[PDB]
Amino acid sequence: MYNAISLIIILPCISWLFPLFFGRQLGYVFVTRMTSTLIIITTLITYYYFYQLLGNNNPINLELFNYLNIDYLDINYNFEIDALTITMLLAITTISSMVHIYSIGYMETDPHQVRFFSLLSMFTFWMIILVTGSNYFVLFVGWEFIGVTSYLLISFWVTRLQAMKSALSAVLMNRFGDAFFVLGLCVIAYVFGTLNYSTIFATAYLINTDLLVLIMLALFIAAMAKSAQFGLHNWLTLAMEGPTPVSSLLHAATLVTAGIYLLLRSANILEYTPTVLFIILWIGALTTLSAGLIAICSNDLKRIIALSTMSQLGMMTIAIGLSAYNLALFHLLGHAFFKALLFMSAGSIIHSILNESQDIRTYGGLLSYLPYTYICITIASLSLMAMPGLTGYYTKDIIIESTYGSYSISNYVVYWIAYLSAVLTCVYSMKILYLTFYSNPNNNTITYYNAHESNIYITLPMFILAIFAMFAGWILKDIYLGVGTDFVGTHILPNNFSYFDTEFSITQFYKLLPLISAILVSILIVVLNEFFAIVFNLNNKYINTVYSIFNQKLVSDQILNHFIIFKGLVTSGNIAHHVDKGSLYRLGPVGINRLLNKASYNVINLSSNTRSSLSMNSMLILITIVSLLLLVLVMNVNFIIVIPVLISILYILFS
Amino acid sequence: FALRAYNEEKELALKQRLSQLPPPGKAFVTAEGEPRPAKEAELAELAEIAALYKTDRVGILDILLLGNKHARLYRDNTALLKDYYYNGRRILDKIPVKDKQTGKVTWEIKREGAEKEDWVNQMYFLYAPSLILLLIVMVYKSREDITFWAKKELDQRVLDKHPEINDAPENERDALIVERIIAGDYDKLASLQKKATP
Amino acid sequence: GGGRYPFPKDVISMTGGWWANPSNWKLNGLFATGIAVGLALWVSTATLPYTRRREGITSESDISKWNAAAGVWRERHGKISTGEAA
Amino acid sequence: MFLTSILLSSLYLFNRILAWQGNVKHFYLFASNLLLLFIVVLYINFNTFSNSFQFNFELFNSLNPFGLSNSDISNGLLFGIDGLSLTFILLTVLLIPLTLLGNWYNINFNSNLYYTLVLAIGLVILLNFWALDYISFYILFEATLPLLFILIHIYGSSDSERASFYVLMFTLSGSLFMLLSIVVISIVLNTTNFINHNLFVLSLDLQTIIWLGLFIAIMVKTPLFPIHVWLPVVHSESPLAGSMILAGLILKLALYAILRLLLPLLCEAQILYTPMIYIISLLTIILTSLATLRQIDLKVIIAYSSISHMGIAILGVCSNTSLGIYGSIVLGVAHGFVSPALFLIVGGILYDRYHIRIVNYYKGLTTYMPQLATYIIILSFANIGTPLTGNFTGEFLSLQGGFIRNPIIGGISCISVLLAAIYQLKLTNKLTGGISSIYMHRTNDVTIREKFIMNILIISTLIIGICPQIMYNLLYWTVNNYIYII
Amino acid sequence: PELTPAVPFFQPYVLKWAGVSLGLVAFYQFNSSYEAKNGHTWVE
Amino acid sequence: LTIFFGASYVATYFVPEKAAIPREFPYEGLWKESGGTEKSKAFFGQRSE
Amino acid sequence: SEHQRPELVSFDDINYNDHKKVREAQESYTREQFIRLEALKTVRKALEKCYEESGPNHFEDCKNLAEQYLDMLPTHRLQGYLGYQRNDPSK
Ligand SMILES: CCCCCCCCCCCCCCCCCC(=O)OC[C@H](COP(=O)(O)OCCN)OC(=O)CCCCCCCCCCCCCCCCC
Ligand SMILES: CCCCCCCCCCCC(=O)OC[C@H](COP(=O)(O)OCC[N+](C)(C)C)OC(=O)CCCCCCCCCCC
Ligand SMILES: CCCCCCCCCCCCO[C@H]1O[C@H](CO)[C@@H](O[C@H]2O[C@@H](CO)[C@H](O)[C@H](O)[C@@H]2O)[C@H](O)[C@H]1O
């Protein structure tokens with residue numbers, strides 16, 4: 001009477017549904033503690049399964065009932081926890097546990113805690129479902145339902161109009177990707193005859209490259225929506241309207257990783273679609289640079305950290321593009337920990353101010369007031385800046401090195417793109433640290449009188465995640481990045497394996513420039529902001545315009561809203577009013593009505609004069625007989641000549 | 001609910017017993033929209049005619065047998081009871097509850113029971129169980145899909161063409177049937193396309 | 001509590017509402033924990049027979065026989081592998 | 001015993017019930033549930049291992065006009081059910097009592113006429129699924145228009161006169177071309193019956209002419225672009241029972257009509273014409289969805305929403321793929337569950353409380369009306385095609401079939417998944433979101449009756465979305481009976 | 001933390017839904033056992 | 001976008017040469033272990049040796 | 001269990017006015033196509049098993065099964081009786 005997989009699947013469903021069934025009967029106290037406890041138990045079970053899998057590595061399967069078996073299409077509710085899945089589950093369960101314990105203290109004095117905790121566990125359950133499925137249909141189930149849960153969680157504060165609009169942005173920008181995913185599912189079911197992984201990855205090395213390119217382009221546009229790559233990134237910063245625990249769980253560590261998981265599960269198909277790997281690589285390079293450039297000129301803390309998440313996802317997609325799937329997986333796992341720590345720290349900071357303000361231009365000198373928050377946020381920011389010993393180093397430097405170690409000649413430029421995003425993360429973390437902790441005060445005095453660290457429910461998660469963001473990378477290094485590990489057994493093509501070349505070919509300059517650049521740029525930004533602050537406050541119109549573009553998310557939310565959404569609404573009004581209520585009513589109830597009004601009026605205003613009814617109708621007999629005789633003459637002469645005569649007679653009678 | 005619970009005299013008295021009262025729409029309001037304007041003797045009176053709405057004043061063997069002049073009396077002085085009951089139930093937000101021993105009923109607050117709607121017994125005991133039966137029937141008719149039949153048939157064709165599989169052990173025949181299926185073509189569709197063979 | 005405001009008491013949600021914390025929640029929590037533990041035990045025990053490992057379930061002799069039968073079928077139907085048409 | 005004795009017992013009981021209690025709705029709901037149970041018994045006694053027609057009966061024969069025929073010369077109307085018929089029959093008998101109960105307390109003038117017309121339309125639709133010739137099908141396909149005219153005219157909203165005239169005239173326009181088609185079939189073959197009409201192979205040049213009339217009818221009834229403009233008006237300005245019946249069953253009569261009248265006959269004309277069907281269906285999808293994005297009336301929005309999903313169903317049924325047929329049928333069933341729930345929310349919950357349907361008045365129902373908000377969110381995400389609802393299964397398989405038949409059109413049609421979300425969630429977000437409207441006073445939340453209806457309709461779609469396969473025992477013949485591949 | 005009025009646990013929806021669901025599950029298991037001890041389910 | 005992708009394209013002409021040949025694999029490029037049949041080497045065979 | 005095994009009828013040997021034989025032939029055609037599908041699913045299940053047991057050796061060990069599945073998928077599928085009922089391939 002013990003199933004790791006089944007407990008893992010069902011306990012989060014209980015934590016989701018029992019609050020919804022029994023919340024008025026239980027209350028927010030018991031609901032908080034119960035949901036927490038169930039996710040904690042799921043987390044411990046996942047850790048034990050991970051231990052056992054490292055020991056053995058024979059994945060358990062769970063084959064339940066049949067969804068559809070019609071004509072060559074057999075879809076079942078089948079689940080599985082393999083290496084990739086258990087890694088994603090470590091991330092999911094750990095961050096959901098810590099977020100559940102964190103939101104007891106954060107969301108106290110909120111009237112709607114029961115629904116909040118129900119929805120957090122809803123997201124946890126459906127992400128477990130997403131990762132554990134043994135077919136693309138179960139993946140899509142989890143996909144769509146985490147979109148639903150993201151909508152509801154961003155819309156948690158229903159009275160806030162901007163929250164609603166941001167949730168709508170998220171859900172529709174992700175249903176774009178789900179449409180492309182549906183197309184990919186149709187193509188897969190056509191070509192392969194099945195949506196199950198075991199057949200698709202058995203056959204994929206035989207199928208025409210064009211079909212696989214179609215499939216993976218569609219699935220990559222789905223991942224481009226979920227993972228907040230550039231063309232479909234506009235929802236990720238708007239999702240920060242939701243509470244900070246939502247930002248820690250979904251839009252830092254879990255929801256944005258679904259696209260990466262999709263590409264990593266489909267690696268065994270992507271190895272036979274080099275075009276799509278190329279596209280993935282360069283879209284990710286654009287994303288990592290551009291998110292950093294937006295972040296360095298941003299002023300709100302949660303937005304900076306969201307754009308940080310965007311940049312790290314871009315680097316994961318670079319790794320996918322270089323056929324370095326294990327590196328992206330490892331960086332996903334580490335990013336979860338230290339980014340959830342960052343957002344938790346930001347929440348504690350936001351609650352340290354009396355007016356819960358999120359602008360770093362109004363924080364000042366909170367170091368001596370918030371020391372524990374400071375050490376946790378700087379631990380996370382150094383494990384994001386890729387400083388030695390921490391998880392950021394082991395998880396992030398290898399990607400910047402594999403840019404150089406790749407057998408492709410063209411990938412050398414991606415080294416420099418990634419390098420600049422690194423020396424930008426140094427900037428947009430040191431900015432946070434200075435403006436929040438080291439700078440001179442900018443708030444009023446009562447803020448610093450009432451500045452205080454928050455309760456145990458907030459600090460204990462931050463402690464655990466700091467321990468993770470210090471040690472887990474060095475722990476899991478030889479699992480994920482080691483030489484010939486075989487744990488995550490993705491069948492990389494031998495022609496594309498560049499790790500052995502990556503670690504050896506790399507010379508001193510290309511190995512040390514990232515780290516030295518970080519350790520120098522950090523010092524320089526602090527020193528400039530402290531001693532030579534005029535460098536950042538010149539008040540030049542040409543510097544300020546560039547700052548303004550970079551402060552307005554690279555005018556990306558103005559182009560989308562104006563040139564796509566607003567023109568779509570205008571074209572939709574054109575349809576609804578000029579076609580559906582215009583021409584199609586004219587060729588319809590309106591035009592027929594007017595036509596028949598005129599024709600009826602002409603028909604009845606023919607016998608014009610009621611003065612004498614006899615002479616008029618007598619003339620009608622005469623005209624009828626004469627006209628008929630001449631028409632029969634004309635049609636005997638030739639037919640087609642009588643046709644316009646009859647058309648004109650109808651005109652005279654009915655016009 | 002009773003069988004034969006009709007009693008002419010109380011209806012033929014109740015007619016002008018109710019005609020002496022004001023209209024149902026204007027009773028509990030007084031044209032000033034206030035329960036206080038109605039008098040309290042009038043209020044108890046309205047309460048005890050309204051409590052008579054939910055009383056068995058007719059049975060099956062009295063609707064199937066009696067004539068039209070009595071049924072019409074019942075109908076047109078039951079409509080009034082219904083309307084008095086519900087107009088009071090909405091305006092006053094009180095139902096009438098005659099308690100056990102004292103013989104006096106008056107509008108009260110207690111609405112956590114003792115009231116049922118007229119559509120519940122139909123649906124919840126004829127419609128819901130029929131849909132549950134439909135679910136049961138669908139689930140157990142799914143056992144008769146052609147997939148299972150075709151599996152059994154194909155296995156049987158293999159066993160008929162290769163009877164040597166049956167004497168083999170009982171937990172090994174499946175793999176052998178699979179082997180012979182993968183090897184051969186036990187379908188008979190080109191068997192049916194006789195005129196396509198030139 | 002702290003930070004609280006008035007709310008309509010006649011609004012009834014399946015979730016709590018506004019700061020739901022009834023004065024029987026320990027008994028109801030006992031009931032809910034019982035139902036949850038029972039449901040979890042039932043699901044685990046009933047899903048034990050539907051679990052399996054990935055490897056070691058099918059002898060490689062079966063795999064050999066199935067692949068050989070596949071080859072038999074393929075040359076019965078006169079088919080060549082992918083790429084050989086060059 | 002006698003037949004006449006039993007139905008005279010029922011008739012006498014009805015007369016006495018009407019005499020004592022002056023209303024018919026209780027008796028009609030009893031008959032509703034009784035008919036549902038009888039149909040479930042017929043499903044119990046239905047053989048899934050025969051593609052033949054079962055429970056056959058003939059009416060209006062020369063030898064016994066007021067009875068059933070046992071003749072060796074058959075000149076009356078034929079009736080009988082296949083699994084395809086039985087699916088939609090189950091849907092019909094499931095929905096009829098809910099349409100009666102959705103208007104239980106909101107009809108306070110000439111109630112008995114309302115309930116008679118509702119039950120009569122439902123029984124005409126049932127008998128229409130029971131039909132097995134072109135003429136009985138036709139006379140039950142056109143017999144709803146008088147009843148719908150009267151119902152909508154007497155018991156409808158502000159613009160009810162226009163809607164009444166529309167629902168009669170548009171449908172009559174299409175159905176008379178259907179009648180020309182049926183007349184040609186009858187004079188050419190000298191037989192009208194759905195049993196052996198795939199044995200008669202007409203010439204292609206005549207198939208291509210009969211198909212035009214049948215497809216004009218199917219275009220006006222489905223509806224399909226450019227003849228879809230009556231549906232917003234009719235579904236908007238009708239009583240709730242009318243909108244429910246219409247959107248749930250009368251729109252599906254066209255799908256059944258394709259599968260029963262146009263594919264088995266006219267196979268070569270269909271296999272030549274279906275790219276035109278795909279043109280019309282893709283237009284019907286995208287332009288109707290975008291048109292929905294600029295509507296100000298709620299029931300009108302739901303009405304427009306029906307059209308796009310019926311277009312996806314048309315892609316599926318005109319795909320020549322088994323998966324596409326099954327998907328179209330599941331779409332019909334699941335839409336018949338979900339769309340009347342939305343119509344209940346926007347025409348019997350909100351309209352009964354506020355008597356207005358303009359979106360500008362509605363905002364922030366979540367505060368005082370939370371259960372309604374939960375229902376709105378559930379039914380919205382079901383209507384747009386979230387998995388574990390039959391809507392997704394049907395959409396998925398219909399688009400599979402469309403992609404197999406024409407990958408370009410079938411692939412472009414997958415923006416349905418997006419546009420559905422846009423026009424549904426732009427409404428849901430405003431209704432459930434924000435501060436509660438200053439134009440609206442507070443009113444009660446949903447009642448036990450409304451919740452009963454919505455819960456039945458949600459349970460059904462979740463059952464057929466979590467295990468769609470339970471519908472295959474009545475459709476594993478139908479998914480191969482109408483496929484033309486050599 | 002302030003308290004609210006008491007709320008009973010086994011409200012009608014709990015009883016109805018849990019009863020019907022568990023009864024359908026039990027009927028399923030009973031029919032499976034019937035097929036184990038016979039050759040045809042009880043409903044068949 | 002044009003600055004980004006144009007500079008990305010221009011920078012490809014200023015790329016250093018590699019310092020080691022790609023890896024190579026023993027049994028004629030592992031055409032058998034990658035799914036070859038002695039006529040499918042060009043499709044499934046990896047690098048020479 | 002009483003598993004049924006109905007008799008196989010062809011469209012080429014029957015007279016289409018005897019409707020019983022026509023229905024027998026329709027059902028025969030559909031039933032044999034479903035048996036074809038079960039063969040395809042047996043091949044697919046064996047392929048899945050060999051993939052799950054072999055892993056990186058699947059390219060060599062499951063080769064014939066994969067090629068067989070992709071050879072069978074276009075042809076072992078439901079394709080309806082009307083195309084053969086309404087067309088004589090001998091003309
Ligand atoms: C051998 C070959 C024979 C084949 C037949 C050839 C046909 C010849 C037809 C010519 C006979 C004369 C009939 C012309 C129509 C009579 C009225 C008229 O003159 O049309 C104008 C009418 C104007 O509407 P409005 O502009 O608002 O009013 C100002 C007009 N001074 O127009 C309108 O109201 C707007 C029109 C909008 C378009 C509506 C199209 C509907 C199509 C369905 C028509 C069905 C009804 C047919 C009625 C029959 C009338 C004869
Ligand atoms: C999968 C099949 C369905 C699963 C069962 C779902 C129904 C269970 C009952 C929920 C009760 C409830 O959520 O209440 C509804 C909440 C009440 O908010 P409140 O917390 O109680 O505070 C009350 C404060 N108001 C009154 C100011 C709001 O209104 C909402 O905010 C609208 C969001 C709806 C949440 C939907 C729940 C997740 C289901 C989504 C599945 C698609
Ligand atoms: C207007 C309301 C809408 C109602 C719509 C629902 C109608 C449902 C009718 C379905 C029942 C049909 O069931 C039908 O079965 C057989 C067909 O084998 C018919 O035919 C039967 O006639 C009798 C003659 O004495 C014999 O049993 C004969 O052998 C045959 O079985 C029955 O006369 C009819 O009852």
Side-chain angles (χ1 to χ4, degrees), chain A residues 3-5 8-9 42-43 45-62 78-94 127-136 138-139 142 196-198 200-202 204 253-254 257-271 316 319-320 323-337 391 394-395 398 472-492 497 499, chain C residues 51-57, chain G residues 48 51-58:
Chain A
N3 278 118
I5 184 159
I8 286 159
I9 286 157
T42 299
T43 315
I45 292 164
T46 44
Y47 291 159
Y48 188 68
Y49 188 94
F50 183 56
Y51 174 70
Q52 277 181 322
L53 203 79
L54 299 159
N56 204 345
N57 201 10
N58 200 353
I60 291 278
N61 303 58
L62 174 61
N78 294 346
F79 306 102
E80 194 181 76
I81 305 179
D82 69 336
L84 172 63
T85 298
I86 192 69
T87 303
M88 289 290 297
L89 285 181
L90 289 179
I92 291 153
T93 59
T94 310
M127 277 290 311
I128 289 160
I129 291 292
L130 193 154
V131 300
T132 52
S134 192
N135 52 51
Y136 284 94
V138 175
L139 189 152
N196 52 29
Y197 295 149
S198 291
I200 295 156
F201 305 153
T254 306
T257 61
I260 313 312
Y261 170 74
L262 178 57
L263 301 164
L264 291 166
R265 177 63 71 196
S266 308
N268 297 4
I269 307 167
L270 275 169
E271 279 292 301
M316 295 165 214
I320 282 155
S323 295
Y325 305 103
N326 280 20
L327 278 58
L329 193 163
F330 191 40
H331 196 40
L332 192 155
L333 181 57
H335 180 244
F337 303 140
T391 74
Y394 301 108
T395 50
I398 189 75
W474 174 78
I475 285 278
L476 309 169
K477 182 172 64 173
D478 199 50
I479 297 161
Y480 295 111
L481 304 176
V483 302
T485 72
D486 202 3
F487 186 65
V488 187
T490 179
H491 302 143
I492 305 157
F497 195 73
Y499 192 75
Chain C
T51 46
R52 68 186 278 266
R53 322 297 302 210
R54 193 199 280 277
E55 299 156 48
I57 292 282
Chain G
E48 287 181 18
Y51 178 85
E52 285 188 310
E53 288 291 341
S54 298
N57 303 327
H58 87 262

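Labels below follow one simple rule: chain letters A, B, ... track the order of the sequence lines, proteins then strands, and each chain is numbered from 1. Just the heavy atoms: all of them, side chains too, but no hydrogens, waters or symmetry mates, feed the values below.
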To the nearest 0.5 Å, atom CD1 of A:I92 lies from atom CG of A:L130 at 7.5 Å
Can you tell me how far CE of A:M316 sits from CG of A:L263, rounded to the nearest 0.5 angstrom?
12.0 Å
Check [X] against [Y] and note the closest heavy-atom contact, atom names and distance.
X      : Y      : value
A:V131 : A:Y261 : O-OH, 2.8 Å
A:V138 : A:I129 : CG1-O, 3.5 Å
A:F487 : A:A83  : O-CB, 3.5 Å

Going by heavy atoms in the side chains, are [X] and [Y] under 4.5 Å from each other?
X      : Y      : result
A:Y197 : A:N135 : no
A:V488 : A:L329 : yes
A:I128 : A:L89  : yes

Is there a donor-acceptor pair closer than 3.5 Å between any side-chain N or O of [X] and the backbone N or O of [Y]?
X      : Y      : answer
A:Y394 : A:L481 : no
A:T46  : A:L90  : no
A:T132 : A:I81  : no

Output every pair passing salt bridge (charged side-chain N to carboxylate O under 4.0 Å, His left out) with a member in residues 78-93 of chain A, not counting sequence neighbours, ordered by first then second residue.
A:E80-C:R54, A:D82-A:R265
Atom CG of A:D486: over 12 foreign heavy atoms under 6.0 Å:
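Not more than 12 within 6.0 Å, no.
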How about A:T395 and A:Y480: does a side-chain donor come under 3.5 Å of a side-chain acceptor?
no
Checking A:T490 now: which residues fulfil side chain to side chain donor-acceptor pair (under 3.5 Å) with it, not counting sequence neighbours?
A:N268
